[PDB]
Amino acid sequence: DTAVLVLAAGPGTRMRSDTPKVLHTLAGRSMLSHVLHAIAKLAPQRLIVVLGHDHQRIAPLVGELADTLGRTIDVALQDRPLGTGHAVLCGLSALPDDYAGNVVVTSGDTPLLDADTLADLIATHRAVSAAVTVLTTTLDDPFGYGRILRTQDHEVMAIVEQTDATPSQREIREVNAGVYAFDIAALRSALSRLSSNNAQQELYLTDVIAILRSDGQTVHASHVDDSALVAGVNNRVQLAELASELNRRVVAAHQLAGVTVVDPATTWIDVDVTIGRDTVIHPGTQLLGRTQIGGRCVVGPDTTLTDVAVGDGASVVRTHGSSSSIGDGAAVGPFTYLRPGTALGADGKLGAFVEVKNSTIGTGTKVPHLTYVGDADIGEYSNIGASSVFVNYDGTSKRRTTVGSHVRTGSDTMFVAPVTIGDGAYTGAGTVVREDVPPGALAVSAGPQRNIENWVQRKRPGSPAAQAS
């Protein structure tokens, strides 16, 4: 029986942001969302989020996650800038006064923390019958972390905060994770005893370690060797460094599952993205949101896809796209812009300097060059000529165009919506299509060529003129 408290009440002033700190994102989720996903997997009996600074902007998102995760998540409000020890006191208020389960506490800015680490914490805590178990780790740069203070017999005595540590204490590289399990009675007693004699004048939760030690209570540290799992974020530098570590691990899981990632350092992959076996991802690529890539694809370089579905054997190169689907064996790129609602069929092709928006494009159809396709349905095995525009917009309103199958439209055709081009139709180079075109018809509008001989000697005497001569 366990209640988990997430301390998320701090203003995060060190972030220098108007967006609440625990709402900043890495790998496609907020820090608070990462932490709550980890805890929901653990499935504790109670789950309490302590909010404070900006709680009105954050509490609605907690409600949304609770629904997403199918569990209730209680919010307790902290109403004074009085420290993490006070944040826990506020969290305990959302429990019955006679609650008797363990109390696990973690901060909302420890975004890599995982269900396995929390399960091991609770198991260790129960096993040693501790009044408090604290997670620690050891770091090359421990700046801003509480330092773990140990006796000669290597027994934990205290945690001293960065701003309160002597210069020698600062050299201590073993740090507090700020993740703990508590016997609830011992915890309640130690919190009433905290005072604020420290550089912040706050009630530090970390002081409960020395308080419990002094009461002859069992105090256990558990060393997490994989430091990233308990690393915190107090500023944008730390955020980007954990985002990078998280990203290296996401990429590694895909590489172990059969995805060639040429350059993990420049390949950003959000946590929900799936990628099929033998896909190759080239450098400078970000796969974001709920993107799904099939097997044997080629993606990148310099591609960004957000919520894009790509089938098997497709290539998607130097492409910026969102909310779109690319069928099996399709070729997209290089230099292609996909806007929401784009659906390209299997074996289709969207080539260089092409943009598509809210259009359906059939099996085997190709739009290879310098073209805008907006609000259009195109059939199968058609070919749209270079430098064409689906003119959806008449200055005030937008309309659909329908192009059939096996069509071959000429370069520099304008399709002035609404118009329909029937199956197997053609248009000439340079055509402005304003009326329906029957199946098997050729539609044209360009006037005839006239050559004006010796124009250049007459109007440009000197340069093309010489050489004409």
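Each residue number is its position in the shown sequence, starting from 1. The term rigid core refers to the maximal set of C-alpha atoms that superpose within 1.5 Å between the two forms.
Exercise. Once the rigid core is matched, which of the two stretches, 55 to 63 or 32 to 40, lies farther off on average in 7 other deposited structures of this protein by C-alpha?
Worked result: Most displaced of the pair in 7 other deposited structures of this protein: 55 to 63.
Exercise. Once the rigid core is matched, which of the two stretches, 157 to 165 or 365 to 373, lies farther off on average in 7 other deposited structures of this protein by C-alpha?
Worked result: Farther from the shown form on average in 7 other deposited structures of this protein: 157 to 165.
For this session: Check whether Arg290 has no coordinates in at least a third of the other compared PDB entries of this protein, counting only entries that model residues on both sides of it.
Result: No, none of the compared structures omit it.
For this session: Taking only the other compared entries that model residues on either side of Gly276, decide whether it is unmodelled in at least a third of them.
Result: It is not, since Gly276 is included in all of the other entries that model both flanking stretches.
For this session: Take the C-alpha B-factors listed in the entry for 26 to 34 and for 65 to 73, compute each mean, and give the stretch with the larger one.
Result: On average, C-alpha B-factors are higher across 65 to 73.
For this session: Check the entry's C-alpha temperature factors for 385 to 393 and 332 to 340, then say which stretch has the higher mean.
Result: Stretch with the greater average CA B-factor: 385 to 393.
Exercise. Looking at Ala265, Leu139, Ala231, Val273, which has the highest Cα B-factor in the entry?
Worked result: It is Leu139.
Exercise. Which listed residue, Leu370, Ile269, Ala130, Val261, has the largest C-alpha temperature factor in the record?
Worked result: Largest recorded C-alpha B-factor: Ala130.
For this session: Sort the modelled residues of this chain by their C-alpha B factor and say whether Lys21 lands in the lowest, middle or highest third.
Result: Within its chain, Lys21 is a middle-third residue by C-alpha B-factor, going by the deposited values.
For this session: Consider only the C-alpha atoms of the modelled residues in this chain, order them by B-factor as the entry records it, and name the third containing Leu288: lowest, middle or highest.
Result: CA B-factor rank for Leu288: lowest third.
For this session: Would you mind ranking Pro111 by its C-alpha B-factor against the rest of the chain and naming the third, lowest, middle or highest?
Result: Middle third, going by the recorded CA B-factors of the chain.
For this session: Divide the modelled residues of the chain into thirds by Cα B-factor and specify which third, lowest, middle or highest, holds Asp225.
Result: For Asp225, the deposited C-alpha B-factor lands in the highest third.
For this session: Taking the chain's C-alpha temperature factors as the reference, tell me which third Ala466 falls into: lowest, middle or highest.
Result: Highest third.
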